[PDB]
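Novice: Can you read through this structure? Questions will come right after.
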Amino acid sequence: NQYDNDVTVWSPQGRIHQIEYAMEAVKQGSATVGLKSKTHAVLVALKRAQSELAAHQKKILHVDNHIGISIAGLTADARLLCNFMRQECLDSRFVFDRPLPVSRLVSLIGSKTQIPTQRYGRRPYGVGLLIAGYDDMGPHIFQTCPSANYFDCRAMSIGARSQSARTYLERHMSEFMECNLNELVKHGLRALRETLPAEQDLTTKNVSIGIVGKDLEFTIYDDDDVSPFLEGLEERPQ
Amino acid sequence: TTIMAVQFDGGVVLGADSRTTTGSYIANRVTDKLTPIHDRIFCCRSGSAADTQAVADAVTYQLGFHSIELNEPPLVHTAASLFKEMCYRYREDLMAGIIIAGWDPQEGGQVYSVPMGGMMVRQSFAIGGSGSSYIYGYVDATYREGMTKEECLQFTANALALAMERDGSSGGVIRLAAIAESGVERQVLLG
Amino acid sequence: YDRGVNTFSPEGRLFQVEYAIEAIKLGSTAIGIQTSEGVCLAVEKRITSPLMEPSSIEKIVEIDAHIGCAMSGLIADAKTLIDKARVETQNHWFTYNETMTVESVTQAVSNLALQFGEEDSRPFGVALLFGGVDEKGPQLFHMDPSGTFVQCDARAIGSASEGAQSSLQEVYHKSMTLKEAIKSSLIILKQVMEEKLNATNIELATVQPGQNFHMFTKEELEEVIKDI
Amino acid sequence: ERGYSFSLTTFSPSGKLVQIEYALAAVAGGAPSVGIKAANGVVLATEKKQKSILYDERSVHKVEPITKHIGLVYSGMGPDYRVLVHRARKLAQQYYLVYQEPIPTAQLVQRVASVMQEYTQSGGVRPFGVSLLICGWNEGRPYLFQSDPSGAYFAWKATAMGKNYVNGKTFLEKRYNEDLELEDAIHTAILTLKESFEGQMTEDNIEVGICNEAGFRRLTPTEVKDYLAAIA
Amino acid sequence: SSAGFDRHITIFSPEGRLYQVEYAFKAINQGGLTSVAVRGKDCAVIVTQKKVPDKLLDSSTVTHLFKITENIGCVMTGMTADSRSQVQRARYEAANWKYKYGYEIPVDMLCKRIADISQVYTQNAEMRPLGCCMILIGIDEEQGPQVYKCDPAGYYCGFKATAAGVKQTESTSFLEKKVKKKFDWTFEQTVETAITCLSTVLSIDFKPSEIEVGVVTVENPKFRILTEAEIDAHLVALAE
Amino acid sequence: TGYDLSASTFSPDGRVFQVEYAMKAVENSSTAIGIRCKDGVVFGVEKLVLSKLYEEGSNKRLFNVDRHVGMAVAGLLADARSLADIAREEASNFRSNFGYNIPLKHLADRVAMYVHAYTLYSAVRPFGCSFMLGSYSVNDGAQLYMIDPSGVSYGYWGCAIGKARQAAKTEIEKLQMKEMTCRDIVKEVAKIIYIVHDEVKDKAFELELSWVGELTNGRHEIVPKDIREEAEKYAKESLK
Amino acid sequence: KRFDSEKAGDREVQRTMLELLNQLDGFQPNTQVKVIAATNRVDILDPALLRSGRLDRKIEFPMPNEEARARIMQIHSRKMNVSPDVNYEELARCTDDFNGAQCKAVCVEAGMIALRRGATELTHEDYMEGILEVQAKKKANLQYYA
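Quick mapping for you: the protein sequence lines, in order, are chains L, N, K, H, G, M and F. The first sequence begins at 4 in the authors' numbering and counts up by one. The second sequence begins at 1 in the authors' numbering and counts up by one. Those letters in the third sequence? Residues 8 to 127, 134 to 241, per the authors' numbering, in order. The fourth sequence begins at 3 in the authors' numbering and counts up by one. The fifth sequence begins at 5 in the authors' numbering and counts up by one. The sixth sequence begins at 5 in the authors' numbering and counts up by one. The seventh sequence begins at 294 in the authors' numbering and counts up by one.
Put into structure tokens, the structure is as follows:
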């Protein structure tokens, strides 16, 4: 344990337990899932509230017209790296007068997080960043980590009890290429409803939906336009 | 001042006048315009004096060290690349007409031009210096492709002869050098 | 007993900020209520000695003419955040000719909510409730040392903040009125405090769309105590 | 680096400096040597042994000149000596640049001791592990001072550092006197040198320099062995 | 004994010791190699074996004989990292010499620079001391051949012939009885002695491939590495 | 214990348990191997799909530094990415200042020094990566280098990295390597990397293949993998 | 590992251990006995113990990677009435950094947990709750995340 204090310290087994702790930091946040069609990308996040009269903490946040991301874990790193992101987009937006392709942007993120993961006296960033948008060649879904391991997935889920959340993905992943937005969104949200107790699912105060489409700029929905999406669902069996 | 450089098959040949002046005074009769950067790489300098000398020293420094790390012979194109770097970098403060030449094992004789601007270019033959504007006609019709080394020697000899004759700035004596795979041959002439 | 000030828990949360949230519990309590009619606020002064002048101690402090403040914990530390809060808003108006919104301000404040370090200090030790009417009506937000910024309808913090929020949930509904929320609040105040409520123990702050400023001269306090 | 800056040397609960106290030990564990100032100049002699017969002797040198009239020797660990040697080299130079005249000896002991003391109080660096001896015939009267790891210094008529510096200390107290000459002081200096030296004492077993009012000078192995006659 | 962090950092022991550097000297011993250097009447030679356990492992990429300058050869021990990092230092300040002073650097002077640089690695208490060893040779004007040894401790000294690696005591024992007996040193004298001392300490009778031989002599001051052909010529030469 | 903490403290015997840990930390990753025929160099890597875990083709460890410069990373991933960025930046500087392709020797040496920089202080740890360096030239030919966590780096004709390393290199030397064509060697390695990792340990893995050399015209590119698919048809006939 | 050890302890331990070494390998070998030993930390031992003939083969034990976890849970989930809708793969991928003992223990606690409500078979939720108990959850108020 004595060698389990600082980032610069290796482990006799070869595992810096700090980053392993930061991975634990992401598991506490709310759940959320992302995926994409052949031509569309959609990600939904679960809200939580501190108390009744207190509102629910927001998860999705707009970045650029074709870039949307979720959140999980802490919030200070969330706003910090988010600010870095909004900066970076408008950077090449100002230089080349074109959008930033998702990939090398994400690589810029990992390079950004790399340094404090190695220098002395620098914590990692506790966050579960999920990314969705278009490059010139369609939608993309990338997930992050304190270890800074960007993953070119097809759909993922991170946060509390995302374990079972992933399970629903594979048994319908073949369906995740031909369905358009209407049934696709309900495909995704069907996976969140298992990451909850058996007595409350989506009651128009704890969910948000970010989308990006071909002729569709990245849009966010929360509890009022989600209601039309909230309809047409089968209850949970037992 | 006048500098002369021409490449041939076996290698390259360089030469220049030895005259160094100031205003309208002959500060020096004979002077080494040529410069042995490396054993197969020379440079003829023109324009300012201290500029060309200091630049030659620095380029000799970086090229010398870098070659030692290379554990291999340097490349003439590389050496000219250095002068392009410095000259272009400080074009606002220098007056140099540097021309680089030398034999290379990988590519034989090579000649590169480095005018005061900071550009770089390879040629079949390059000339520079104040009086150099007086000999374009003779050097053009006089030149013939595919000459021998000694043909190059007589060629440049007549060239710098005429230039030294017509220019009031150039003069002194004719210094000549020749580089090939074998070694380096230098000499001073008259006539 | 001397580990890194920038190191996560083995369980993974934190080391020091967990203590920071702990430090707010020992502070004075305070309550805010966001009504469609307006936003009201209250806090106890926690007077110690009669020689101690009461009015020199304050918890309600204005950041803007339509922006009130509520603090709990390390007061002098809160002072810096107050000053920056005023400053950046003034930047907003003297760069835009409009009033910065309540939430937008607290974003700016909570930016350096967590920026302590070595190159380029320690975390802060105060909690804050911010009220203020804007284009979206009266607004009420709550923050923490961890920079966690969130909105609340009627929040209460301090020492007895537990029972404050508990009983308060029993008494709040959406369609409250201003004075109703006022006396409802002060009832919780007397129920949570220990000294006899009077014209010196506590203090209010009331922001209204019409009543654009918060105005709590004394003896209206007494006027309400006699009404309670 | 990073900029820690925190000094590693603190006072004891008793009120002592453990690190300096230890560095004095390693200083005492150094090679022995001695110097003398007698009425005309100063003489410096060391205890220089080659651990093997394969070493070179004309390569490494101990009695070291700083200016034409200023000599210095040491007792401690060899490597740390050369650094402060060079430092004093420059430091004597800037004075001459300022005033255009050879720096007086006491000034060097001032500035060098300042550098060493400040270096002791600084952060993250152990003090040095060598004591020093300086001599020079500035304005007729030569001078002979001693430094130490604590940065202090003194003015010794004659003394010795290294091992058994107390035994040779007393030997200097008895055999020494008020005034002598250069050659005699050499004789007694080699006396205490043999007082703790090994069996065979040759021109290379030691090395000696001197200050004169004509300036500083080093002694060669020729005149060393030549003086070896009438040993001790 | 251990007191505070004398076992951990570059500080003094209660006895006045410092454990780190003395830990560093045997840190060279993990290299699993032993080097030999000798100076002759008008020449000096280096020699040291190599271990090529892989057929896939290249041959020319194993050499420790490092050409510093046209008239300066050196050899390394210890760990390859500290050795190579030492290399660019040597080459670098070597060229800096030519730039500042024109003429060529003295081999002794360069040893001064290296030892002084290594001084701070022990001197500061926030920097690893680069546990490798340094060996230099070169011809001097009015001085003939010279050989020097730089140490992680930060000191140096001239010699007449010296070895290093793992068999310091043995090779020194052989060389002391070998040289001091009024030995006249020719080229093949110094060379043959060089091969013989090593082949005796290790008892190898090596093939001409495994060992390496650096050489400098006052007829061609260019530092020269030997080819296995001529190396075999000397090997059979001592092979009566 | 009591000494393995810092990267600036020598063990009482003379090594650094930090780098000691980090090496075997890289040892626990999957296998990545490389080889070079007479007119090129070929890279092979085994990747592991856990259950589904990604859209296939993701996060390939076969990097690409220059148009003629190929990587082969193994151990930790992110630090490998940082290293690849360092190399690309470096070669960009070389091209910028000198205007031509960087030699594999100078590149590997510079990267090796930069790796060595992170082994001398407490402020930073060592890296948890290792890799290969593939290059080809018409004026130089095929050159393949190797870099450890400590900082050692040099060439091979073949080398292996990962858990199955010593057993891997065993049959590797079984092949002739001088006269072989890299096109044959492609299907060749497929047998190597398909006679390693099995059941009751991991799961369905993945076989990526980089390929540079003469036929590639010096340009580095991945093999046409689905194209001609002889690794698998050739990497299966080993049923008995 | 022996050392300059003072009055007690070691002053009989290494005697007995040396008797073990000599009685094990060396003088008068035998083939009619085989020796198995097991420990936790290796660094304290002596060389003569692990030389090459006193202890021939060295076997390290890495913890279950994934399928070892899932299958071990499937093994102690052999004597318990199981609702046949349970993914041991889900169980494994949610069971991180456990051992054979702990993976056994979760399967243990699940049966008692279901016994709380008197149910007969089990549920994935049962295994989840047992995971929570095995993990030693500390507290609440961890809510300013997300």
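Where is the CB? At the ideal position from N, CA and C, for every residue including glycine.
1. Using a Cβ cut-off of 8 Å (strictly closer), state whether K/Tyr-103 contacts chain L.
2. Going by C-alpha to C-alpha distance, which of K/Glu-148, K/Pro-158 and K/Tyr-185 sits closest to residue 132 of chain K?
3. Using a 10 Å radius around the Cβ and a threshold of 16 neighbouring Cβ atoms, would you call G/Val-42 buried or exposed?
4. Can you tell me the Cβ-Cβ gap for L/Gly-76 and F/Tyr-438, rounded? I've got them flagged as a contact below 8 Å.
5. Considering only residues of the same chain and omitting the five flanking positions on each side of F/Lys-351, which have a CB-CB separation below 7 Å?
6. Distance check for N/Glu-92 and G/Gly-44, CA to CA, integer angstroms please.
7. Along the beta strand (DSSP E) that carries H/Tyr-76, what are the first and last residues, could you check?
8. With a cut-off of 8 Å on the beta carbons, I'd call K/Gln-41 and K/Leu-217 a contact; round off their distance for me.
9. Round the Cβ separation of H/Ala-115 and H/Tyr-155 to the nearest angstrom and send it over; I've been treating them as touching at under 8 Å.
10. Just the chain G side, please: which residues come within less than 8 Å of N/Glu-69 by C-beta, in chain order?
11. Using the beta-carbon of each residue, which ones in chain N are nearer than 8 Å to G/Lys-54?
12. What's the gap between the Cα of N/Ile-100 and the Cα of N/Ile-41?
13. So, does the CB of residue 289 of chain M fall closer than 8 Å to a CB anywhere in chain G?
14. Could one say the Cβ of L/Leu-77 lies closer than 8 Å to chain F's Cβ atoms, at least one of them?
15. What residues in the stretch 78–106 of chain M have a beta carbon less than 9 Å from any beta carbon of chain N?
16. Beta-carbon separation of G/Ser-39 and G/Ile-139 under 8 Å?
17. Please state the DSSP three-state secondary structure of L/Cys-182.
18. Within 10 angstroms of its Cβ, does M/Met-136 collect 16 or more other Cβ (buried), or is it exposed?
19. Answer with yes or no whether the minimum CB distance from G/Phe-178 to chain H is below 8 Å.
20. Pair every Cβ in the stretch 112–126 of chain M with every Cβ in the stretch 39–50 of chain M, then say whether three or more of these pairs are closer than 8 Å.
21. Between K/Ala-77 and chain L, is the shortest Cβ-Cβ distance under 8 Å, so that the two count as touching?
22. For chain M, is any of its Cβ atoms less than 8 Å away from the one on N/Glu-85?
23. By a C-beta neighbour count over all protein chains shown, 10 Å radius and 16 as the cutoff for buried, is K/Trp-100 buried or exposed?
24. Starting from the N-terminal side, write out each stretch of the alpha helix (DSSP H) that is 4 residues or longer and does not extend beyond the stretch 44–98 of chain N.
25. Measuring alpha carbon to alpha carbon, tell me which residue in N/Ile-98, N/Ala-80 and N/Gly-64 is nearest N/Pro-73.
26. What does DSSP give as the partner residues of G/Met-138 in its beta bridges?
27. Tell me the DSSP bridge mates of K/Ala-77?
28. Counting only runs that start and end within the stretch 69–135 of chain G, where is the alpha helix (DSSP H) found for 4 or more residues in a row?
29. Listing by chain order, which chain K residues have their CB less than 8 Å from the CB of F/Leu-435?
30. Quick one: measure Cβ to Cβ for M/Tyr-160 and M/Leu-148, integer angstroms, because I've assumed they're closer than 8 Å.
31. Mind checking who L/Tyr-224 pairs with in its DSSP beta bridge?
32. Let me confirm a value: H/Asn-42 is counted as buried when at least 16 other C-beta atoms fall within 10 Å, else exposed. Which label applies?
33. Counting only runs that start and end within the stretch 147–171 of chain K, where is the beta strand (DSSP E) found for 3 or more residues in a row?
34. What are the complete beta strand (DSSP E) segments, minimum 3 residues, inside the stretch 166–227 of chain M?
35. Mind pulling the chain M residues with CB within less than 8 Å of L/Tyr-123?
36. Using three-state DSSP, classify L/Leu-195 as helix, strand or coil.
Specialist: Reading it off the structure:
1. Chain L, which has no Cβ nearer than 8 Å to the Cβ of K/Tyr-103, makes this no.
2. This structure gives no coordinates for residue 132 of chain K. The numbering of chain K moves from 127 immediately to 134.
3. Buried, since its Cβ has 16 or more Cβ neighbours within 10 Å.
4. That pair is a contact at about 6 Å.
5. The beta carbon of F/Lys-351 sits closer than 7 Å to none of the beta carbons in its chain outside the five residues before and after it.
6. Each residue's alpha carbon lies about 55 Å from the other.
7. Residues 72–78.
8. Contact flag wrong, Cβ pair sits at about 14 Å.
9. The C-beta separation of H/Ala-115 from H/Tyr-155 comes to about 5 Å, placing the pair in contact by the 8 Å criterion.
10. Ordered by position in chain G, the residues that pass the 8 Å Cβ test against N/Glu-69 are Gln-92 and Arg-95.
11. Near G/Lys-54 there are no residues of chain N at all, since even the closest Cβ is about 18 Å away, more than 8 Å.
12. Distance from the CA atom of N/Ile-100 to the CA atom of N/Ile-41, rounded to whole angstroms, is 7 Å.
13. Since the first and last residues shown for chain M are 5 and 244, residue 289 of chain M lies out of range.
14. Yes, L/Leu-77 counts as interfacial toward chain F.
15. Contact residues of the stretch 78–106 of chain M toward chain N are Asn-101, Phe-102, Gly-103 and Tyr-104 (C-beta to C-beta distance below 9 Å).
16. Result yes, Cβ atoms of G/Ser-39 and G/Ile-139 sit closer than 8 Å.
17. If DSSP states are grouped into helix, strand and coil, L/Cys-182 belongs with coil.
18. By the 10 Å Cβ count, M/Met-136 comes out buried.
19. Look at G/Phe-178: its C-beta is not under 8 Å from any C-beta on chain H.
20. No contact exists between the stretch 112–126 of chain M and the stretch 39–50 of chain M.
21. No, because no Cβ of chain L sits closer than 8 Å to the Cβ of K/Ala-77.
22. Among the residues facing chain M, N/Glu-85 is included, as its CB has a counterpart in that chain under 8 Å away.
23. Exposed is the call here.
24. Uninterrupted alpha helix (DSSP H) stretches at least 4 residues long and entirely within the stretch 44–98 of chain N occur at 49–70 and 76–89, given in chain order.
25. Ranking the options by Cα distance to N/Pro-73, first place goes to N/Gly-64.
26. DSSP, once it has assigned bridges, lists G/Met-80 and G/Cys-154 as partnering G/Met-138.
27. K/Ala-77 is bridged to K/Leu-142.
28. Counting only runs of 4 or more residues that sit fully inside the stretch 69–135 of chain G, the alpha helix (DSSP H) segments are 84–105 and 111–127, in chain order.
29. In chain order: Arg-20.
30. About 5 Å separates the two Cβ atoms, so the contact holds.
31. Partner(s): L/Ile-212.
32. When all chains shown are included, H/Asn-42 counts as buried.
33. Counting whole runs of 3 or more residues, the stretch 147–171 of chain K contains the beta strand (DSSP E) stretches 150–155.
34. Counting only runs of at least 3 residues, the stretch 166–227 of chain M fully encloses the following beta strand (DSSP E) elements, listed from N- to C-terminal order: 209–217.
35. In chain order: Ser-126, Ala-127 and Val-128.
36. Judged by DSSP in its simplified three-state form, L/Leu-195 adopts helix.
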